[PDB]
file model08.txt (compact mmCIF, C-alpha atoms (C1' of nucleotides) and all ligand atoms)
# COMPACT_ATOMS: atom_id res chain seq x y z
CA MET A 1 8.04 -24.20 1.15
CA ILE A 2 4.30 -24.21 0.38
CA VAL A 3 2.69 -20.77 0.61
CA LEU A 4 -1.09 -20.25 0.53
CA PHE A 5 -2.26 -16.70 -0.20
CA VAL A 6 -5.83 -15.43 0.36
CA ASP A 7 -7.17 -12.29 -1.34
CA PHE A 8 -10.83 -11.36 -0.64
CA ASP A 9 -12.97 -10.70 -3.78
CA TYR A 10 -14.25 -7.16 -4.56
CA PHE A 11 -13.79 -6.66 -0.86
CA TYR A 12 -15.43 -3.38 0.20
CA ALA A 13 -18.25 -3.82 -2.30
CA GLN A 14 -18.77 -7.46 -1.30
CA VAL A 15 -19.10 -6.47 2.36
CA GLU A 16 -21.79 -3.93 1.41
CA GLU A 17 -23.67 -6.72 -0.40
CA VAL A 18 -23.50 -9.00 2.66
CA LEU A 19 -24.95 -6.23 4.82
CA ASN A 20 -27.58 -5.34 2.16
CA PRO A 21 -28.38 -8.44 0.07
CA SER A 22 -30.69 -6.36 -2.19
CA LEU A 23 -27.47 -5.13 -3.84
CA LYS A 24 -26.95 -8.66 -5.21
CA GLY A 25 -26.48 -8.46 -9.00
CA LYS A 26 -26.54 -4.63 -9.25
CA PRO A 27 -23.43 -2.59 -10.03
CA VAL A 28 -22.08 -1.21 -6.75
CA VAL A 29 -19.43 1.51 -6.48
CA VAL A 30 -17.78 2.34 -3.15
CA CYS A 31 -16.77 5.99 -3.10
CA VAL A 32 -14.36 8.28 -1.25
CA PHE A 33 -16.02 11.70 -1.28
CA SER A 34 -13.41 14.45 -0.77
CA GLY A 35 -16.07 17.01 0.26
CA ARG A 36 -14.85 19.72 -2.12
CA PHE A 37 -17.92 19.85 -4.38
CA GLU A 38 -20.86 17.58 -5.35
CA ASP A 39 -19.52 14.08 -6.15
CA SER A 40 -15.90 15.22 -5.84
CA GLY A 41 -13.67 12.23 -5.11
CA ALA A 42 -12.61 8.82 -6.33
CA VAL A 43 -13.71 5.20 -6.47
CA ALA A 44 -12.26 2.95 -3.78
CA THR A 45 -13.57 -0.16 -5.52
CA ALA A 46 -16.49 -1.57 -7.48
CA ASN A 47 -18.00 -5.00 -7.84
CA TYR A 48 -17.84 -7.07 -11.00
CA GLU A 49 -21.11 -5.69 -12.40
CA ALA A 50 -19.64 -2.18 -12.42
CA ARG A 51 -16.03 -3.05 -13.02
CA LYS A 52 -16.75 -4.93 -16.26
CA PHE A 53 -17.87 -1.57 -17.75
CA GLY A 54 -14.65 0.23 -16.72
CA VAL A 55 -15.56 1.51 -13.24
CA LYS A 56 -12.23 0.75 -11.53
CA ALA A 57 -10.50 1.87 -8.34
CA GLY A 58 -9.06 5.38 -8.47
CA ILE A 59 -11.25 6.90 -11.20
CA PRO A 60 -13.15 10.10 -10.42
CA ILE A 61 -16.70 9.55 -9.17
CA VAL A 62 -18.01 11.87 -11.92
CA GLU A 63 -16.44 9.61 -14.57
CA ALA A 64 -18.00 6.51 -12.99
CA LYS A 65 -21.38 8.21 -13.12
CA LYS A 66 -20.98 9.05 -16.83
CA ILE A 67 -20.44 5.32 -17.50
CA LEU A 68 -23.06 3.95 -15.06
CA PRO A 69 -25.43 6.71 -13.94
CA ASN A 70 -27.82 4.14 -12.42
CA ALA A 71 -25.29 2.14 -10.37
CA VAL A 72 -25.45 2.14 -6.56
CA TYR A 73 -22.94 4.66 -5.20
CA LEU A 74 -22.00 4.07 -1.56
CA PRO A 75 -19.66 5.97 0.74
CA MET A 76 -16.66 4.03 2.00
CA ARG A 77 -17.23 2.68 5.54
CA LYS A 78 -13.73 1.46 6.28
CA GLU A 79 -14.34 0.74 9.98
CA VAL A 80 -17.04 -1.74 8.90
CA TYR A 81 -14.77 -3.43 6.34
CA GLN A 82 -11.93 -3.62 8.89
CA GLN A 83 -14.12 -5.41 11.47
CA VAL A 84 -15.25 -7.98 8.91
CA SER A 85 -11.63 -8.34 7.78
CA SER A 86 -10.42 -9.00 11.32
CA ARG A 87 -12.97 -11.79 11.78
CA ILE A 88 -11.88 -13.47 8.53
CA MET A 89 -8.20 -13.19 9.52
CA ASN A 90 -9.05 -14.89 12.82
CA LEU A 91 -10.56 -17.78 10.86
CA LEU A 92 -7.33 -18.12 8.84
CA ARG A 93 -5.16 -18.30 12.01
CA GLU A 94 -6.77 -21.71 12.67
CA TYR A 95 -5.09 -23.17 9.55
CA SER A 96 -1.50 -22.09 10.35
CA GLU A 97 0.69 -20.69 13.12
CA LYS A 98 2.90 -19.23 10.37
CA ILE A 99 0.64 -16.51 9.00
CA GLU A 100 1.15 -12.99 7.66
CA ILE A 101 -1.71 -10.47 7.47
CA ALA A 102 -0.55 -8.42 4.49
CA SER A 103 -3.39 -5.91 4.06
CA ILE A 104 -7.07 -5.30 4.79
CA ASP A 105 -7.99 -8.21 2.46
CA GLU A 106 -4.89 -10.45 2.20
CA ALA A 107 -3.05 -13.07 4.18
CA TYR A 108 -0.16 -15.41 3.44
CA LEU A 109 -0.01 -18.76 5.27
CA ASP A 110 3.08 -20.99 5.31
CA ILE A 111 1.40 -24.39 5.24
CA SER A 112 4.61 -26.43 4.70
CA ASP A 113 4.04 -28.19 8.05
CA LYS A 114 0.26 -28.70 7.56
CA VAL A 115 0.37 -30.38 4.14
CA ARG A 116 2.77 -32.66 2.25
CA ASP A 117 2.20 -31.61 -1.36
CA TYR A 118 0.30 -29.24 -3.67
CA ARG A 119 -2.65 -31.69 -3.86
CA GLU A 120 -3.18 -31.49 -0.08
CA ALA A 121 -2.54 -27.71 -0.28
CA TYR A 122 -5.27 -27.29 -2.93
CA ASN A 123 -7.71 -29.25 -0.74
CA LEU A 124 -6.87 -27.14 2.31
CA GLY A 125 -7.52 -24.08 0.10
CA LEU A 126 -11.00 -25.43 -0.67
CA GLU A 127 -11.55 -25.98 3.06
CA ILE A 128 -10.51 -22.38 3.77
CA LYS A 129 -12.84 -20.93 1.11
CA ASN A 130 -15.71 -23.03 2.51
CA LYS A 131 -15.00 -21.88 6.04
CA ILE A 132 -14.93 -18.19 5.15
CA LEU A 133 -18.09 -18.56 3.04
CA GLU A 134 -19.85 -20.50 5.84
CA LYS A 135 -18.91 -18.04 8.59
CA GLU A 136 -19.01 -14.67 6.79
CA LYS A 137 -20.55 -15.25 3.31
CA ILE A 138 -17.48 -13.70 1.68
CA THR A 139 -15.91 -15.25 -1.42
CA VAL A 140 -12.14 -15.12 -1.79
CA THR A 141 -9.45 -16.29 -4.16
CA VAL A 142 -6.64 -18.61 -3.06
CA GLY A 143 -3.20 -18.70 -4.68
CA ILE A 144 -0.76 -21.50 -3.79
CA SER A 145 2.92 -21.64 -4.78
CA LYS A 146 6.53 -21.93 -3.59
CA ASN A 147 6.88 -18.31 -2.43
CA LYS A 148 4.83 -15.20 -1.59
CA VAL A 149 5.26 -13.59 -5.01
CA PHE A 150 4.09 -16.61 -7.01
CA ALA A 151 1.26 -17.31 -4.59
CA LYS A 152 -0.01 -13.76 -5.24
CA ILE A 153 0.42 -14.24 -9.02
CA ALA A 154 -1.50 -17.54 -8.71
CA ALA A 155 -4.44 -15.68 -7.13
CA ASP A 156 -4.27 -12.93 -9.80
CA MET A 157 -4.78 -15.62 -12.43
CA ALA A 158 -7.74 -17.24 -10.66
CA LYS A 159 -9.73 -14.15 -9.60
CA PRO A 160 -12.56 -13.93 -8.68
CA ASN A 161 -13.77 -16.72 -6.38
CA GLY A 162 -10.95 -18.97 -7.56
CA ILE A 163 -8.15 -21.24 -6.39
CA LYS A 164 -4.89 -21.93 -8.24
CA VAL A 165 -1.61 -23.75 -7.75
CA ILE A 166 1.47 -22.63 -9.66
CA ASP A 167 3.67 -25.74 -9.47
CA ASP A 168 7.45 -25.74 -10.00
CA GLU A 169 7.11 -26.35 -13.75
CA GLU A 170 4.66 -23.45 -14.17
CA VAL A 171 7.05 -21.18 -12.24
CA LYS A 172 9.56 -21.90 -15.02
CA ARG A 173 6.90 -21.26 -17.69
CA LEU A 174 5.93 -17.97 -16.05
CA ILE A 175 9.52 -16.77 -15.74
CA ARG A 176 9.65 -17.08 -19.55
CA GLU A 177 6.08 -16.06 -20.45
CA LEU A 178 4.59 -13.77 -17.76
CA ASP A 179 4.36 -10.12 -18.80
CA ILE A 180 6.82 -8.54 -16.33
CA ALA A 181 4.34 -5.69 -15.71
CA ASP A 182 2.13 -8.30 -13.98
CA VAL A 183 4.85 -9.08 -11.41
CA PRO A 184 4.05 -7.64 -7.96
CA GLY A 185 6.08 -4.49 -7.31
CA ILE A 186 6.13 -3.40 -10.97
CA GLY A 187 3.78 -0.49 -11.67
CA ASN A 188 3.35 1.51 -14.87
CA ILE A 189 6.44 3.67 -14.19
CA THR A 190 8.83 0.74 -13.62
CA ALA A 191 7.17 -1.31 -16.42
CA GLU A 192 7.89 1.51 -18.90
CA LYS A 193 11.46 1.97 -17.60
CA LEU A 194 11.98 -1.75 -18.21
CA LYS A 195 10.54 -1.43 -21.73
CA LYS A 196 13.14 1.29 -22.46
CA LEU A 197 15.78 -1.35 -21.62
CA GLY A 198 14.06 -4.06 -23.73
CA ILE A 199 12.83 -6.13 -20.77
CA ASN A 200 9.37 -7.70 -21.14
CA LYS A 201 9.74 -10.97 -19.18
CA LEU A 202 11.56 -12.00 -16.00
CA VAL A 203 14.06 -14.05 -18.07
CA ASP A 204 15.17 -10.85 -19.81
CA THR A 205 16.61 -9.56 -16.51
CA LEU A 206 19.17 -12.41 -16.48
CA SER A 207 20.91 -11.46 -19.77
CA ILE A 208 20.98 -7.66 -19.36
CA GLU A 209 24.08 -6.16 -17.68
CA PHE A 210 23.26 -5.83 -13.98
CA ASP A 211 24.57 -2.26 -13.79
CA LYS A 212 22.30 -1.35 -16.71
CA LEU A 213 19.23 -2.79 -14.95
CA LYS A 214 20.22 -1.19 -11.61
CA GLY A 215 20.89 2.21 -13.18
CA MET A 216 17.30 2.47 -14.40
CA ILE A 217 15.30 0.82 -11.57
CA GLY A 218 17.68 0.79 -8.60
CA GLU A 219 19.56 -1.97 -6.82
CA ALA A 220 16.74 -3.44 -4.72
CA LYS A 221 14.26 -3.79 -7.59
CA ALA A 222 17.00 -5.21 -9.85
CA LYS A 223 18.02 -7.91 -7.34
CA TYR A 224 14.35 -8.63 -6.70
CA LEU A 225 13.49 -9.34 -10.35
CA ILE A 226 16.68 -11.32 -10.93
CA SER A 227 16.12 -13.49 -7.85
CA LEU A 228 12.64 -14.31 -9.13
CA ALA A 229 13.93 -14.97 -12.65
CA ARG A 230 16.60 -17.30 -11.23
CA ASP A 231 13.87 -19.11 -9.24
CA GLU A 232 15.93 -18.26 -6.14
CA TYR A 233 13.51 -15.95 -4.36
CA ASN A 234 12.88 -16.06 -0.65
CA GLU A 235 10.88 -13.76 1.57
CA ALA A 236 9.77 -14.55 5.10
CA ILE A 237 6.10 -15.00 5.94
CA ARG A 238 5.87 -12.99 9.16
CA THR A 239 3.91 -10.77 11.53
CA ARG A 240 3.49 -7.29 10.10
CA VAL A 241 3.60 -4.63 12.83
CA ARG A 242 2.19 -1.21 11.94
CA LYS A 243 5.00 1.36 11.62
CA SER A 244 3.06 4.56 10.95
CA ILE A 245 -0.37 6.12 11.48
CA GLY A 246 -1.65 9.23 9.75
CA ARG A 247 -4.44 11.25 8.20
CA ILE A 248 -4.58 13.64 5.26
CA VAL A 249 -7.63 15.71 4.27
CA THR A 250 -8.70 17.74 1.26
CA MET A 251 -9.31 21.40 2.02
CA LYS A 252 -12.41 23.14 0.65
CA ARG A 253 -10.19 25.48 -1.36
CA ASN A 254 -6.48 25.64 -2.16
CA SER A 255 -4.46 27.85 0.17
CA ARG A 256 -1.01 28.90 1.28
CA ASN A 257 -2.36 30.86 4.25
CA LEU A 258 -1.20 29.39 7.58
CA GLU A 259 -4.30 30.33 9.58
CA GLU A 260 -6.61 28.95 6.88
CA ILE A 261 -4.68 25.64 6.83
CA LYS A 262 -4.24 25.14 10.62
CA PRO A 263 -7.75 23.88 11.31
CA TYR A 264 -7.42 21.09 8.72
CA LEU A 265 -3.98 20.19 10.07
CA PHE A 266 -5.29 20.15 13.64
CA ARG A 267 -8.26 17.89 12.68
CA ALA A 268 -5.78 15.52 10.98
CA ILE A 269 -3.76 15.41 14.22
CA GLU A 270 -6.82 14.78 16.40
CA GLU A 271 -7.92 11.85 14.21
CA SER A 272 -4.37 10.47 14.02
CA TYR A 273 -3.97 10.52 17.81
CA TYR A 274 -7.28 8.73 18.28
CA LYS A 275 -6.06 5.99 15.92
CA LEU A 276 -2.66 5.75 17.65
CA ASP A 277 -4.50 4.39 20.72
CA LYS A 278 -1.69 3.85 23.30
CA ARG A 279 1.07 3.89 20.64
CA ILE A 280 3.46 6.76 21.30
CA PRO A 281 5.25 8.14 18.23
CA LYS A 282 8.72 9.71 18.35
CA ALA A 283 8.50 11.08 14.80
CA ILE A 284 6.09 13.39 13.03
CA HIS A 285 5.81 14.32 9.38
CA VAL A 286 3.61 17.03 7.91
CA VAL A 287 2.51 16.10 4.40
CA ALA A 288 1.08 18.51 1.88
CA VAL A 289 -0.35 17.90 -1.57
CA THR A 290 0.13 21.01 -3.70
CA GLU A 291 -2.39 22.43 -6.19
CA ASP A 292 -0.51 20.71 -9.03
CA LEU A 293 -0.71 17.36 -7.13
CA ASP A 294 2.97 17.19 -6.03
CA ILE A 295 3.51 15.66 -2.57
CA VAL A 296 5.86 17.53 -0.21
CA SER A 297 6.74 16.85 3.41
CA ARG A 298 8.78 17.89 6.42
CA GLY A 299 9.41 15.72 9.45
CA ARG A 300 11.19 15.54 12.77
CA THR A 301 12.27 12.78 15.12
CA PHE A 302 12.47 13.50 18.88
CA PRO A 303 14.43 11.58 21.54
CA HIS A 304 11.13 11.06 23.39
CA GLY A 305 7.46 10.44 22.62
CA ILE A 306 5.35 13.22 21.10
CA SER A 307 2.47 14.44 23.25
CA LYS A 308 -0.58 15.74 21.40
CA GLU A 309 0.31 19.31 22.44
CA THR A 310 3.84 18.82 21.09
CA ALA A 311 2.32 17.42 17.87
CA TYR A 312 0.23 20.61 17.45
CA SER A 313 3.14 22.97 17.99
CA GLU A 314 5.68 20.98 15.98
CA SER A 315 3.24 20.38 13.10
CA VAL A 316 2.88 24.15 12.66
CA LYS A 317 6.68 24.56 12.55
CA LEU A 318 6.91 21.85 9.87
CA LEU A 319 4.05 23.38 7.84
CA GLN A 320 5.84 26.73 8.20
CA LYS A 321 8.93 25.12 6.60
CA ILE A 322 6.81 23.95 3.67
CA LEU A 323 5.28 27.43 3.25
CA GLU A 324 8.72 29.06 3.54
CA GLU A 325 10.36 26.75 1.00
CA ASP A 326 7.54 26.27 -1.54
CA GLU A 327 5.59 29.07 -3.29
CA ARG A 328 2.69 26.85 -4.43
CA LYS A 329 -0.78 26.66 -2.88
CA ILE A 330 -1.73 23.56 -0.89
CA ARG A 331 -4.72 21.34 -1.71
CA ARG A 332 -4.47 18.53 0.85
CA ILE A 333 -2.83 18.69 4.28
CA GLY A 334 -2.02 15.99 6.76
CA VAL A 335 0.26 14.28 9.22
CA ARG A 336 1.88 10.93 9.74
CA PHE A 337 3.29 9.62 13.00
CA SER A 338 5.96 6.95 13.26
CA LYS A 339 8.87 5.47 15.29
CA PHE A 340 6.62 4.21 18.06
CA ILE A 341 7.99 3.49 21.51
CA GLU A 342 7.98 -0.27 22.10
CA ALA A 343 5.29 -0.59 24.80
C1' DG B 1 33.13 3.72 2.42
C1' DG B 2 29.02 3.09 5.07
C1' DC B 3 26.32 4.47 9.03
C1' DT B 4 22.06 8.01 10.05
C1' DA B 5 18.07 11.36 9.18
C1' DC B 6 15.65 13.48 6.09
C1' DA B 7 12.82 14.38 1.55
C1' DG B 8 11.03 12.40 -2.35
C1' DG B 9 9.88 8.19 -5.81
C1' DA B 10 7.25 4.25 -6.30
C1' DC B 11 4.45 0.49 -4.97
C1' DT B 12 0.63 -1.96 -2.60
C1' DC B 13 -4.14 -1.84 -0.66
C1' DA C 1 -7.48 13.75 -10.17
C1' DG C 2 -9.29 9.60 -2.37
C1' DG C 3 -6.91 8.05 1.20
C1' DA C 4 -3.83 4.57 4.16
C1' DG C 5 0.57 2.51 4.68
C1' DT C 6 5.29 0.59 3.23
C1' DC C 7 10.00 0.15 1.29
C1' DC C 8 13.83 2.18 -1.25
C1' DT C 9 17.22 5.90 -2.49
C1' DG C 10 19.90 10.39 -3.19
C1' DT C 11 21.99 13.61 -0.43
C1' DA C 12 24.96 15.45 3.22
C1' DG C 13 26.95 15.13 8.05
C1' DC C 14 29.56 12.22 10.57
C1' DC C 15 32.68 8.30 12.09
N1 LIG D 401 -6.84 1.91 -5.03
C1 LIG D 401 -7.48 1.20 -4.07
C2 LIG D 401 -7.40 -0.18 -4.07
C3 LIG D 401 -8.04 -0.92 -3.09
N2 LIG D 401 -8.72 -0.28 -2.12
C4 LIG D 401 -9.43 -1.04 -1.10
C5 LIG D 401 -10.78 -1.38 -1.71
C6 LIG D 401 -10.64 -2.83 -2.13
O1 LIG D 401 -11.88 -3.54 -2.05
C7 LIG D 401 -9.62 -3.37 -1.13
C8 LIG D 401 -8.80 -4.55 -1.62
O2 LIG D 401 -8.10 -4.20 -2.79
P1 LIG D 401 -8.14 -5.04 -4.16
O3 LIG D 401 -7.19 -4.32 -5.09
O4 LIG D 401 -7.91 -6.51 -3.89
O5 LIG D 401 -9.60 -4.74 -4.77
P2 LIG D 401 -10.92 -5.67 -4.75
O6 LIG D 401 -10.80 -6.70 -3.67
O7 LIG D 401 -10.98 -6.22 -6.17
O8 LIG D 401 -12.02 -4.66 -4.49
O9 LIG D 401 -8.79 -2.26 -0.79
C9 LIG D 401 -8.80 1.12 -2.14
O10 LIG D 401 -9.43 1.72 -1.26
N3 LIG D 401 -8.18 1.84 -3.09
CA CA D 402 -4.26 -8.17 -3.75
CA CA D 403 -9.20 -8.18 -3.14
CA CA D 404 1.71 -4.01 -12.69
CA CA D 405 33.66 2.18 5.80
call {"tool": "encode", "arguments": {"input": "model08.txt", "output": "structure tokens"}}
result
Amino acid sequence: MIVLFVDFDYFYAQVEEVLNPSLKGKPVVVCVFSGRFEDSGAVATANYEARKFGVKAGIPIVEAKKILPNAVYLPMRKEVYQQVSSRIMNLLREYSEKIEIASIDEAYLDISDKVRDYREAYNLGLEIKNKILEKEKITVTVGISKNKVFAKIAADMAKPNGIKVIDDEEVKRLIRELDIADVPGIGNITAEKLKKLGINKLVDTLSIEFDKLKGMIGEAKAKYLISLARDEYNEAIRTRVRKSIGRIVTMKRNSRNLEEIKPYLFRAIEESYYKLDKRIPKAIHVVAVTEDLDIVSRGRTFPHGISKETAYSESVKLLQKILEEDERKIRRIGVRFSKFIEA
DNA sequence: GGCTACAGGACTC
DNA sequence: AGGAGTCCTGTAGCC
């Protein structure tokens, strides 16, 4: 198989530049303001000019401002970024029937039937980049390889505004040489667990006892890494269908008082139901983030769809369970709906 | 022994 | 010390 992966560069920040070209060449930081106090919140992303100085996704906005007090700080406008995303995805559909939209800024295309070899794949990648630049003035990075995982790795290597093929010989090189932390699905927690076992490369997973590997990282992750290391990985490129919709908000102060929390919970429900738009969930989960940043939840599945009135009443019962079973104060409160009726 | 539903761990964006 | 969404797993009831 020949897989072509597209990952949009500096996406939210790049969109803001397209809509305001005066931002060109300035550091730009897209922010998620929690509303708790002045500049409370985190960075969603930043462009190269800010990121090169350490302003990276997830850091507190106050910390970004200590590093770059004169950068341009913009509130996240996700609805804008989504609309631009959708248009770019529509452009990509023209290059393959076999296409997976993986996230707000990623797609995988199976181009096995559109091209013969990696040379033709590379050239199609150039054509795609040109098209997206022509139509939307957005730069992207293309990764091309034999499966989804190595196509994503290919793009990681070529970012930003790049294009890279990882041929069959380089897959073997990477199995030996790629830091296993840089494999998709391996975060800091798993990477450290693997270091405890002595595993630094994919190849290392082949010689460790399977039960040892599994005991530390679980069966699925073990089999995943081994299949990659064996160069025997397969994962379908296919239509992702949204399985859950939800909203969680930060409260102005921490609280374990039901009547103080209800209004935030009810706003989260209202916004969630708006986003559901015709989709009818059969399951509801209430999610709380405690003052110490632990996430706790309580959910329920019904044998029918959940009306908004039922969501209100059941959400309170689930929050009640959290308050009954946990003595801590709550900082963020929200809901997630799932198990949609197939309409 | 392996379904199911639920609560939490961990990852991606 | 944001916020959205997904997949896996330990546990316990049930067959
Ligand atoms: N922790 C994160 C990571 C990404 N995002 C959003 C903002 C990013 O522009 C897009 C795409 O993620 P990606 O990790 O590829 O980041 P960039 O494209 O480099 O900005 O998703 C976010 O809101 N929070
Ligand atoms: Ca990506
Ligand atoms: Ca990106
Ligand atoms: Ca990693
Ligand atoms: Ca059995």
call {"tool": "residues_near_ligand", "arguments": {"input": "model08.txt", "ligand": "ligand CA 402 (chain D)", "cutoff": "12 Å", "atoms": "only C-alpha atoms (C1' of nucleotides) and all ligand atoms", "output": "PyMOL selection string"}}
result
(chain A and resi 5-11+101-108+140-143+148-149+151-160+183-185) or (chain B and resi 12-13)
call {"tool": "residues_around", "arguments": {"input": "model08.txt", "residues": "residue 7 of chain C", "least_positions_apart": "6", "cutoff": "10 Å", "atoms": "only C-alpha atoms (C1' of nucleotides)", "output": "count of residues only"}}
result
3
call {"tool": "axis_aligned_box", "arguments": {"input": "model08.txt", "around": "ligand LIG 401 (chain D)", "padding_each_side": "3 Å", "output": "lines of an AutoDock Vina configuration file"}}
result
center_x = -9.4
center_y = -2.4
center_z = -3.5
size_x = 11.2
size_y = 14.6
size_z = 11.4
call {"tool": "residues_near_ligand", "arguments": {"input": "model08.txt", "ligand": "ligand CA 405 (chain D)", "cutoff": "12 Å", "atoms": "only C-alpha atoms (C1' of nucleotides) and all ligand atoms", "output": "VMD selection string"}}
result
(chain B and resid 1 to 3) or (chain C and resid 14 to 15)
call {"tool": "closest_residue", "arguments": {"input": "model08.txt", "among": "A:58, A:281, A:27, A:69", "to": "chain C", "atoms": "only C-alpha atoms (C1' of nucleotides)"}}
result
A:58
call {"tool": "interface_residues", "arguments": {"input": "model08.txt", "of": "chain A", "to": "chain C", "cutoff": "10 Å", "atoms": "all atoms listed in the file", "output": "NGL selection string"}}
result
:A and (31-34 or 40-44 or 57-60 or 103 or 218-221 or 242-250 or 292-293 or 336)
call {"tool": "atom_distance", "arguments": {"input": "model08.txt", "atom1": "atom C6 of ligand LIG 401 (chain D)", "atom2": "atom CA of residue 79 of chain A"}}
result
13.2 Å
call {"tool": "atom_distance", "arguments": {"input": "model08.txt", "atom1": "atom CA of residue 132 of chain A", "atom2": "atom CA of residue 91 of chain A"}}
result
7.2 Å
call {"tool": "residues_near_ligand", "arguments": {"input": "model08.txt", "ligand": "ligand CA 404 (chain D)", "cutoff": "10 Å", "atoms": "only C-alpha atoms (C1' of nucleotides) and all ligand atoms", "output": "VMD selection string"}}
result
(chain A and resid 179 to 191) or (chain B and resid 11)
call {"tool": "atom_distance", "arguments": {"input": "model08.txt", "atom1": "atom CA of residue 210 of chain A", "atom2": "atom CA of residue 223 of chain A"}}
result
8.7 Å
call {"tool": "closest_residue", "arguments": {"input": "model08.txt", "among": "A:297, A:342, A:305, A:134", "to": "chain B", "atoms": "all atoms listed in the file"}}
result
A:297
call {"tool": "closest_residue", "arguments": {"input": "model08.txt", "among": "A:272, A:301, A:234, A:83", "to": "chain B", "atoms": "all atoms listed in the file"}}
result
A:301
call {"tool": "closest_residue", "arguments": {"input": "model08.txt", "among": "A:128, A:258, A:99, A:1", "to": "residue 238 of chain A", "atoms": "only C-alpha atoms"}}
result
A:99
call {"tool": "residues_near_point", "arguments": {"input": "model08.txt", "point": "(-25.4, 4.0, -10.4)", "cutoff": "9 Å", "atoms": "all atoms listed in the file", "output": "MDAnalysis selection string"}}
result
chainID A and resid 26:29 50 64:65 67:73
call {"tool": "write_last_selection", "arguments": {"input": "model08.txt", "atoms": "C-alpha atoms", "output": "mmCIF file, in the coordinates of the input"}}
result
data_model
loop_
_atom_site.group_PDB
_atom_site.id
_atom_site.type_symbol
_atom_site.label_atom_id
_atom_site.label_comp_id
_atom_site.auth_asym_id
_atom_site.auth_seq_id
_atom_site.Cartn_x
_atom_site.Cartn_y
_atom_site.Cartn_z
ATOM 1 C CA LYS A 26 -26.540 -4.630 -9.250
ATOM 2 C CA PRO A 27 -23.430 -2.590 -10.030
ATOM 3 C CA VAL A 28 -22.080 -1.210 -6.750
ATOM 4 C CA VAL A 29 -19.430 1.510 -6.480
ATOM 5 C CA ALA A 50 -19.640 -2.180 -12.420
ATOM 6 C CA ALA A 64 -18.000 6.510 -12.990
ATOM 7 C CA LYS A 65 -21.380 8.210 -13.120
ATOM 8 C CA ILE A 67 -20.440 5.320 -17.500
ATOM 9 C CA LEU A 68 -23.060 3.950 -15.060
ATOM 10 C CA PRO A 69 -25.430 6.710 -13.940
ATOM 11 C CA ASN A 70 -27.820 4.140 -12.420
ATOM 12 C CA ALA A 71 -25.290 2.140 -10.370
ATOM 13 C CA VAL A 72 -25.450 2.140 -6.560
ATOM 14 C CA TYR A 73 -22.940 4.660 -5.200
#
call {"tool": "closest_residue", "arguments": {"input": "model08.txt", "among": "A:327, A:82, A:296, A:279", "to": "chain B", "atoms": "all atoms listed in the file"}}
result
A:296
